[PDB]
J.: 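I'd like to ask you about the structure that follows.
By convention in this document, chain letters (A, B, ...) are assigned in the order of the sequence lines, proteins followed by strands, and residues within each chain are numbered from 1.
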Amino acid sequence: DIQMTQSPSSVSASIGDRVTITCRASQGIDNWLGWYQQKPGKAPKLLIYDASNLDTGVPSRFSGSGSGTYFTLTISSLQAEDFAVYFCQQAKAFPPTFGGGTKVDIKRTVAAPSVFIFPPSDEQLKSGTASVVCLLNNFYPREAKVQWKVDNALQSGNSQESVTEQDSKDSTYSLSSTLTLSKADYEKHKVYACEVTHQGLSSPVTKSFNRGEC
Amino acid sequence: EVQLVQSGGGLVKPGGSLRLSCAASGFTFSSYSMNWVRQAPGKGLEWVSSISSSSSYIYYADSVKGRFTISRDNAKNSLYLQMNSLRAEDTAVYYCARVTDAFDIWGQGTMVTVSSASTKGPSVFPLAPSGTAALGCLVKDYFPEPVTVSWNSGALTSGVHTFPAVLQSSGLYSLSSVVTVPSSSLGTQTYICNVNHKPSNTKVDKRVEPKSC
């Protein structure tokens, strides 16, 4: 089917800025492109259909253009209400497919995450389970990569991330990554490391601890 | 005005069935194709199924064929989704939507959570610290949502971040709540997370002590 890819994943905007979002199709969809807005905890809302047409009730600060495989959505004078996720959607062929979204968020300066690593509690270890938590605190922009390493082995498939919404006071994000191991596996390794890549860091930062050590 | 009102959904066991409903008003329901679209937690939008105005033409996404059945009752202005053989991966907010050239009216969304869990209160573990220090509580293995966390019985709000719960592969939720504080305060101030999981009547207050090991 037709893959829709949006760019960038997030745009930093201030009230009154002009914002332009891009959507690309993997093959030609003519004019059959729609744009939607989504706010946290709410259903999507149609903005534009057939590439350029405003839906009833939609404000005229939104415009779309483009055709074939290249489309853009412009917000011409951003208001507080426009900080939201925006999705494109192809109606050329079944299955209809959506882009992965672009988050238009409140611009602030880049803030590197303050990174903290938390060993499992002895309480938890008693129960046969070990949770290792890596906190990425008060960072901007939202895009951040967390790589777990255990005795230098790159972990995949055994961590879960959770992210906050943009903070109302300082406009930052925070993220938790949690690595879950059996107590047995935890006991088999020494070095537990959280490696973080982010615009606010000139090279990735590693926070680590050694099991059993003070 | 024009409105789509959803109902149904909620908690279901893996292998089980749920029926979603969508009640339409404000437009000629019988003259429009209707659709279901879903959104997994923290993810984008996925089309599930369409049905033509008079049920002549029915379309399904690859991922739901043979398990989900779309139907409609034009005389009741209603759209339905019968979901069978539900799996963990079907956990999502499900929306009904009208289509013209685009999806132009959407329902409010209905959460479907596929888990084998019974009601269970969380274990609460310290996330212990060692200019600014970070500390927290890990609230692990509870069902269903929600849990509430405060710090110092509501007197500490600045610098607090309580993360969205994630459904683990066990079918139980987990989350952490953290706070950053001046390290100079760690030797004089006490920091306590107050966790309440009302479905299980589980209340814990955990003082989080600075560690070195």
J.: Only pairs of heavy atoms separated by less than 4.5 Å count here; which of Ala128(B), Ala165(B), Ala61(B), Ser123(B) has the most with chain A?
T.: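 Sorted descending by pairs with chain A, the first entry is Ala128(B).
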J.: Pick whichever of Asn137(A), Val133(A), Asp55(A), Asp122(A) has the most heavy-atom pairs under 4.5 Å with chain B.
T.: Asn137(A)
J.: Donor-acceptor pair, distance only, cut-off 3.5 Å: does the side chain of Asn53(A) make one with the backbone of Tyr49(A)?
T.: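 Confirmed, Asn53(A) side chain pairs with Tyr49(A) backbone.
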J.: Let me know if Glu123(A) has heavy atoms under 4.5 Å from chain B in its side chain, its backbone, both or neither.
T.: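 Both parts, heavy atoms under 4.5 Å.
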J.: Give a yes-or-no answer on whether the side chains of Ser208(A) and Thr206(A) include a donor-acceptor pair shorter than 3.5 Å.
T.: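 Judged by distance alone, the side chains do not pair up.
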J.: Counting only heavy atoms closer than 4.5 Å, note whether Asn138(A) contacts chain B via side chain, backbone, both or neither.
T.: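 Just the side chain, heavy atoms under 4.5 Å.
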J.: Would you mind checking which part of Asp170(A) comes under 4.5 Å of any heavy atom in chain B, side chain (CB onward), backbone (N, CA, C, O), both or neither?
T.: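 It is neither, since no heavy atom gets under 4.5 Å.
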J.: Which atoms of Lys42(A) are under 4.5 Å from chain B, going by heavy atoms: the side chain, the backbone, both sets, or neither?
T.: backbone
J.: Using heavy-atom distances under 4.5 Å, tell me whether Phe209(A) contacts chain B through its side chain, its backbone, both, or neither.
T.: neither
J.: Return the option, out of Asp101(B), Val178(B), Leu135(B), with the maximum number of heavy-atom pairs under 4.5 Å with chain A.
T.: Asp101(B)
J.: Taking the basic N atoms (NZ, or NE/NH1/NH2) and the acidic carboxylate oxygens, is any pair closer than 4.0 Å for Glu213(A) and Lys190(A)?
T.: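 Salt bridge between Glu213(A) and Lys190(A), a charged N being under 4.0 Å from a carboxylate O: yes.
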J.: Quick one: which of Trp35(A), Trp32(A), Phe87(A) has the most heavy-atom pairs under 4.5 Å with chain B, could you say?
T.: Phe87(A)
